[PDB]
Amino acid sequence: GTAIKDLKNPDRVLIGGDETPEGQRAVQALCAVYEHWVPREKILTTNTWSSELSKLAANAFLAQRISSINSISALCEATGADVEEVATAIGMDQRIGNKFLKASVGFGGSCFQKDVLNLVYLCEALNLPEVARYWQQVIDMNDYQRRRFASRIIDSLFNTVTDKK
Amino acid sequence: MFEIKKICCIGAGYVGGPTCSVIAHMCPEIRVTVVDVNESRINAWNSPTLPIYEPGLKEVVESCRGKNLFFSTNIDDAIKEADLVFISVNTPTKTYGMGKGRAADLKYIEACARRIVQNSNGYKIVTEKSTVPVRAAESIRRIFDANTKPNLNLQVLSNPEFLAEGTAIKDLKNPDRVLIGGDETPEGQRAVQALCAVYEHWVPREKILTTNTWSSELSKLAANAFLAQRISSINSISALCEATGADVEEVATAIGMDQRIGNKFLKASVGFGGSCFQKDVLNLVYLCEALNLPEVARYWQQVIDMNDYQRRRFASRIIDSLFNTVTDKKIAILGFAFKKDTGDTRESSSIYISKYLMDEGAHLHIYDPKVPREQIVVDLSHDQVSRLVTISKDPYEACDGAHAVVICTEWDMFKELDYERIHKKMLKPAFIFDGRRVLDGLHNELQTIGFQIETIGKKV
Amino acid sequence: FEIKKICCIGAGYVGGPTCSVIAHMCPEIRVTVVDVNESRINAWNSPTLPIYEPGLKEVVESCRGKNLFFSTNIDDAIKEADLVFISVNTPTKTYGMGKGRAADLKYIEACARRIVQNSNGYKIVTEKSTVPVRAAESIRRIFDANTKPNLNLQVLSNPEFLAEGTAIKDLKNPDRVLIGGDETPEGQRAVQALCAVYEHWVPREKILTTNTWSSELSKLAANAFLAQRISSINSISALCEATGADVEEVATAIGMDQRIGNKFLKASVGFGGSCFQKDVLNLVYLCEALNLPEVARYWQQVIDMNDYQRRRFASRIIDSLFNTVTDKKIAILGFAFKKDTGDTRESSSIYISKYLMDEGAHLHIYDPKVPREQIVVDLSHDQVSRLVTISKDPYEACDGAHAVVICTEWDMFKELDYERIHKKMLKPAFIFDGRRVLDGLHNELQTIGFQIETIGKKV
Ligand SMILES: [Cl-]
Ligand SMILES: [Cl-]
Ligand SMILES: [Cl-]
């Protein structure tokens, strides 16, 4: 949706490479390409696996923010609190920020669920079940949010929706 | 519109004390009176030596004490005179009964509510400053309504603190935001604007947020939970880093440069500590269970489990490295505080790491530059301490004949040690377990010296 | 306030017989029974009624034409009525949230919207069918949301308690009449108005007034308490077979305790019917939805025990036949859920047969009253074609069979020629008595050569 702007003025460019002489040369070659229009302060160099992992974790952190405020939204409906008020109050903490704190029926897109599910599987394959089920909560909460929303509609219509417009 | 001239605060803790001291300092026309049931605390605040240490606090207090800032044991009179009453008492986690070890105990808050109505007449604004469970203000409203009088109009507000213990004064003088919650009624709005007016003396109106009472209560709990979740998230990543060859400090950096995520609270560790994070998250979880929200409850519970996992994991790596036997082995523990530059050990990860090693029968030599000796012994009790715990006056006494050095607090001084010396008198193989990434950049040095060095979020 | 004109929506086995009786005891009241199905109505106006109940034909003929009417003109019948009975059946949901347990309120909702559209002034709206709790709140909400000037609709609960088979007798002399209404001035008036109607032939001592939610809940719990009694004695029956005790003896001893009573204590292969399981399951779901999991699993036990009883019985047959039943002829005697009816709804015979069909048995089924095609329908989802034969007489079913299974307490089964049956049965010949109908005949049957096993008796 904002591809061109994101490319022309990125928060950061991520490049991962082998921690070897040949590897460092290849990194600096690619680094040099981006230096044409990206300030060197905003170019980050890591080993290959940190770069791969950073892409997955970043999307997961984002998705977690949405699922977290969504969980709060459910607790708001039960207490009388208001999630937009709470989100605002949370978001004014500079350490937390005010982006990705808008509660919804649930997040979508071709990246968030796909990458978090991929992250979870990786942890299972690496015998990290505690970490796997930690991140799985992001998906379950999103599923919960949707199911919950649907169930409220159905209850409000007296648990019968047959042939109703 | 109603103006506040006299302020009473119940509780001289790390919350009410600095908050009211600052208010008095920025509002010379208002008489702020801080009271507490503990005569010890009161006499300490009026003493040349204060009961808690915060940068710039000593100056601020001395500027106001006597003019418009007073510390007294006379609670009833301070209530009698006050236009605004801050309830700033701690709500300890219940240690028994329904909700043991998770639910907040409202006993102290309930007492204050009954004490206020007993000693007050006319119009007064009653504001909860302490971290409370949601719908707590309903409990206060219920006590006031049940004990009403002719010409008694008590208004209940929520105004939670957000100061980090260590930078209190700066956080108060220049806060990211001030939160005030009130009833969505005419009388309620007046009370809100009265409190709002007090903060407008030195806080820009852009940074004052008004919500209903429950959003304010909930915001304090959720904010700390969001913070704690960040730490547990990067910690989970750290474990995945050790298994892949990735590096958590690199990953944290890459994540943190996303403006929508930010770079604060992304430093992996042996696990977070303090008197607020676990306490409030556990309180949040219990609330959800009580409200039949099991999906939400177990969602936030993951923040705590991951923190426990991180600690247990770290302890287990040490034990495995020492061939799953630690009996009668000397082990240096460097740093006992829950974070650097404090003597606070409340929920310190050092406690658990030490305790895990004690369950293996290790000879622990613990060093912390600031933490008092007696505090360590208390935090490691329920006999067990006498056999296994030795407390070193200096770091080197702890590494003399030790199998391993475990760093559990990110003290700046640990980075600057003579590790050439330490290695010479250590048993081989000699291990360093860095639980705070403080020796990042020193790895190649330590290895060529002869150390085996392991740290959070880096493959061995 | 007096009630003068009554409209009933639904000419089922509930609304039909109930309103015909009311007309017979209330000559001054004009009772109009309506249904959107033109088929049903003409049957009510026919010399042949759409349902059979003893003495119903008489009661109807007394009133039909004078103050009892069956019509398809629903809108006008609602317009004229002081009291509107909602008497449509509430089927269990077959999909979605609450599948196979929760009640579907669609027919009730339609009726509620139809009433408010076609009505003005003061009217009492009473639910007669077995409904889930808080259903009247749904009706109230439709009324409140679709209000008119000078519209005062009162919502009452008045559930049925008639056993299908002796409806009229149950109506003329009921154990109690139940009426639930709002605890408000207007609400109490509507209740006493309806209360007054039944006082025409029901003593005031046997008319109970409660709030609306107590009334709805009472109908479900009453059937559940009954079902629990059967499942309890059935559970005991299994414990009898394991101890040497006898369930008929124990049931008798228990039932002589005045505080317990001796009704509904007859052990069986399992209870059936269109009400017991449906209502208990509906009760369980209600508890789950209201975050009452302890109560939900408490009542679920009534269903599990009944399922256990059936499965247990089927397994005994299979074990006795050396755990192989493939291509073996087996006589099934009795298919109805109880004796003296053609009703097969939730009949234990269905499950027993199905368990035996999953073993590849050759079932020859006989039932004196139950129609042939109904059995074929109740045993489908191909499997029926290969394994199920329907016998015209019992002996056709026991000719070359390995075992005789009795699943319905028909009186005639007691009087069969077991000497003849045994000669043309394969050996060893088994009789499995699932209804204790052959109690007292055991020593007889054994000397003939039968191995006889029954519910609640050690072999
Ligand atoms: Cl006092
Ligand atoms: Cl030990
Ligand atoms: Cl019509």
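Residues numbered from 1 in each chain as written, not as in the entry; some residues may be left out. Chains lettered and ligands numbered in written order. Part of a larger assembly, values for the part shown. Heavy atoms only, no water.

Student: Describe the overall build of chain B, with residues and values.
Tutor: Helix and strand counts for chain B stand at 18 helices and 14 strands. Here chain B has a C-alpha radius of gyration of 25 Å; the compact-globule value for 460 residues is 23 Å, and the two agree. A principal-axis box enclosing the C-alpha atoms of chain B has dimensions of 80 × 50 × 45 Å. Of all 460 residues assigned to chain B, the portion counted as buried reaches 58%. Separation between the mean location of the 56 positive side-chain charges and that of the 59 negative ones in chain B comes to 1 Å. (Helix = DSSP H or I, 4+ residues; strand = E, 2+ residues; numbered from the N terminus. Rg over C-alpha atoms; globule rule 2.2 N^0.38 Å. Buried < 20%, exposed > 50% of the residue type's maximum accessible area, 1.4 Å probe, protein only. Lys, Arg positive; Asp, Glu negative; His and termini not counted. Charge placed at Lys NZ, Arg CZ, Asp CG, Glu CD.)

Student: Can you explain the pairing of strand 10 (residues 363-367) of chain B? Please cite residues and give values.
Tutor: All names here are of chain B. Of all the 5 residues making up strand 10, 4 are buried; the element is thus mostly covered by neighbouring parts of the structure. Sheet analysis places strand 9 (residues 330-334) next to strand 10, joined by 5 bridges and oriented parallel. Pairing of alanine 332 across the sheet is with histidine 365, part of strand 10. Following the backbone out of strand 9, through helix 13 (residues 349-358) and into the adjacent parallel strand 10, one traces a crossover that is right-handed. Across 3 bridges, the pairing between strand 10 and strand 11 (residues 389-391) is parallel. Its bridge partner being in strand 11, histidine 365 is matched across the sheet by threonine 390. (Pairing = 2+ DSSP bridges. Right-handed = clockwise from strand over helix to strand, strands pointing away.)

Student: With reference to specific residues and values, describe the domain arrangement of chain C.
Tutor: All names here are of chain C. The domain boundaries assigned to chain C delineate domain 1 (1-211), domain 2 (212-243) and domain 3 (244-459). Using only C-alpha atoms to locate each centre, domain 1 and domain 3 end up separated by 37 Å. If you look at the interface, domain 1 gives 14 residues, while domain 3 gives 12 residues. Between domain 1 and domain 3 lies a buried interface of about 1,000 Å² when both sides are counted; carbon and sulfur atoms form 47% of it. Among the residues domain 1 hides against domain 3, the three largest losses belong to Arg101, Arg134 and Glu164. Together they make up 49% of the total. (Domains from an automatic or database assignment. Contact = heavy atoms within 4.5 Å. Buried area = accessible area lost by both parts, 1.4 Å probe.)

Student: Outline the sheet that holds strand 3 (residues 68-71) of chain C, supporting the account with residue identities and numerical values.
Tutor: Residues and elements named next belong to chain C. Strand order in the open sheet formed by 8 strands is 3-2-1-4-5-6-7-8, with mixed pairing between adjacent strands. Both edges of this open sheet fall to strand 3 and strand 8 (207-210), since each of them pairs with a single strand only. In this sheet, neighbouring strand axes are inclined to one another by 25° on average, regardless of whether the strands run parallel or antiparallel. Across 4 bridges, the pairing between strand 4 (residues 83-86) and strand 5 (residues 121-127) is parallel. In the sheet register, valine 84 faces strand 5, and the bridge partner there is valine 125. Here helix 9 (residues 212-243) sits on the sheet and contacts strand 5, strand 6 (151-157), strand 7 (177-181) and strand 8; the angle it forms with strand 7, its principal contact strand, is near 140°. (Axes fitted to C-alpha atoms, helices over the stretch in contact; angles between N-to-C directions.)

Student: Could you give an account of the sheet that holds strand 13 (residues 430-433) of chain C, naming the residues involved and the relevant values?
Tutor: Residue and element names in this part refer to chain C. Spatially, 11-10-9-12-13-14 is the arrangement adopted by the 6 strands of the open sheet, whose pairing is parallel. This sheet does not close on itself; its edge strands, each paired only once, are strand 11 (388-390) and strand 14 (451-454). Geometrically, the sheet is characterised by an average inter-axis angle of 20° between neighbouring strands, direction not taken into account. Here strand 9 (residues 329-333) pairs with strand 10 (residues 362-366) via 5 bridges, running parallel. What sits directly across from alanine 331, in strand 10, is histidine 364.

Student: Quick rundown of the nonpolar core? Include the residues and the values.
Tutor: In this structure, A:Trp135 and B:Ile237 are the most contacted members of the largest nonpolar core, which totals 88 residues. With 8 residues, the top contributor of residues to this core is helix 3 (residues 48-77) of chain A. Viewed by domain, this core spans two of them, domain 2 (213-244) and domain 3 (245-460) of chain B, each represented by three or more residues. Among all residues touching A:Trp135, those that are not within four sequence positions of it are A:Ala60, A:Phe61, A:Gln64, A:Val116, A:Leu119, A:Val120, B:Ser233, B:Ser236 and B:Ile237. Within the second largest apolar cluster, 41 residues are counted, among which are B:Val34, B:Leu69, B:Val198 and B:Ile208. (Core = buried A, V, L, I, M, F, W, Y, C linked by side-chain atoms within 4.5 Å.)

Student: Summarise empty space enclosed by the protein; cite the residues concerned and give the values.
Tutor: As a volume, the largest cavity reaches approximately 120 Å³. Taken together, A:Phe61, A:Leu62, A:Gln64, A:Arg65, A:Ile96, B:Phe226, B:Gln229, B:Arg230, B:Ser233 and B:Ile261 make up the lining of the largest cavity. Secondary structure elements with two or more residues in the lining of the largest cavity: helix 3 of chain A together with helix 9 (213-242) of chain B. Within the lining of the largest cavity, the residues separate by chemical class into 5 nonpolar, 3 polar and 2 charged. (1 Å grid on protein atoms, 1.4 Å probe; cavity = no way out; pocket = protein on both sides within 12 Å on 5 of 7 lines; lining within 4 Å. Points joined across faces, edges and corners; volume = space filled by probe spheres on them. Nonpolar A, V, L, I, M, F, W, Y, C, P; charged D, E, K, R; others polar.)

Student: Quick one: what's the story with the packing of helix 11 (residues 277-290) of chain B against helix 12 (residues 294-321) of chain B, residue by residue and with numbers?
Tutor: All names here are of chain B. Contact pair helix 11 / helix 12: the axes reach a minimum separation of 8 Å and the direction vectors enclose 150°. The orientation of helix 11 with respect to helix 12, classified from their angle, is roughly antiparallel. As for the relative orientation of helix 11 and helix 12, their crossing is left-handed in sense. Within the contact between the two elements, helix 11 uses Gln278, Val281, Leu282, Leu284, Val285, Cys288 and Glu289 and helix 12 uses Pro294, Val296, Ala297, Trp300, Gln301, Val303, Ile304 and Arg311. For the contact of helix 11 with helix 12, a count of residues per class yields 11 nonpolar, 2 polar and 2 charged. (Parallel < 35°, antiparallel > 145°, perpendicular 65-115°, else oblique. Left-handed = near helix turned anticlockwise from the far one by under 90°.)

Student: Let's hear about the packing of helix 3 of chain A against helix 4 (residues 83-91) of chain A: which residues, and what values?
Tutor: Helix packing geometry: the angle between the two helix axes and the distance between the axes. Residues and elements named next belong to chain A. Contact geometry for helix 3 and helix 4: axes closest at 9 Å, N-to-C directions at 135°. The pairing of helix 3 with helix 4 is recorded here as oblique in orientation. Like other packed secondary-structure pairs, helix 3 and helix 4 cross with a definite hand, here right-handed. Facing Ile69, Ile72, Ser73 and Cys76 of helix 3, the residues of helix 4 in contact are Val83, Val86, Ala87 and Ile90. Partitioning the contact of helix 3 with helix 4 into residue classes produces 7 nonpolar, 1 polar and no charged.

Student: Which residues make up the domain arrangement of chain B, and what are the values?
Tutor: Residue and element names in this part refer to chain B. Partitioning chain B into structural domains gives domain 1 (1-212), domain 2 (213-244) and domain 3 (245-460). Between domain 1 and domain 3, the C-alpha centre-to-centre distance is 36 Å. Taken over both partners, the interface formed by domain 1 and domain 3 buries close to 1,100 Å², and the fraction arising from carbon and sulfur atoms is 47%. Ranking the residues of domain 1 by area buried against domain 3 places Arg102, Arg135 and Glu165 at the top, with a combined share of 46%.

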